[PDB]
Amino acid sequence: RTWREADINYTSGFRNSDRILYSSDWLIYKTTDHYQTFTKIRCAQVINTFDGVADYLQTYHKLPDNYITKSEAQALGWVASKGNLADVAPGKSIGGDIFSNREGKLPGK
């Protein structure tokens, strides 16, 4: 199993601490404390954006269109320090990058 990550609840400015994590066998987790802890998306009613994106992922097997990887955002002159993502890529979030599950908190490879 491989993993990938995308930002959640990003609008403008500096990036936040929320992420959705999804595997190649479509396990899906979320963290709202910048990878400290993870909780399995175990859906229910599609009320919030974690729920929204997880149900998109399960249905289409890809991130919604509002996502670009980090190298794509940089290609457009993204500077995280500045927090100018909404500048060079309006309405976009970072997402889709390989996630190495380095602390081993999510189900192993």
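When you see a residue number, it is the position in the sequence shown, counting from 1.
Original post:
Which is higher on average in the deposited entry, the C-alpha temperature factors of 6-14 or of 20-28?
Top reply: Mean B over CA atoms: larger for 6-14.
Original post:
Out of 71-79 and 55-63, which one has CA B-factors that are higher on average in the deposited record?
Top reply: The stretch with the larger mean CA B-factor is 71-79.
**OP:** Place residue 40 in the lowest, middle or highest third of its chain's C-alpha B-factors, as listed in the PDB entry.
**Re:** Answer is middle: the recorded C-alpha B-factor places it there.
Original post:
According to the PDB entry, is the CA B factor of residue 90 in the bottom, middle or top third of its chain, that is, lowest, middle or highest?
Top reply: Middle third.
**OP:** Please rank the C-alpha B-factors of the chain's modelled residues and tell me whether residue 109 sits in the lowest, middle or highest third.
**Re:** According to the entry, residue 109 has a C-alpha B-factor in the chain's highest third.
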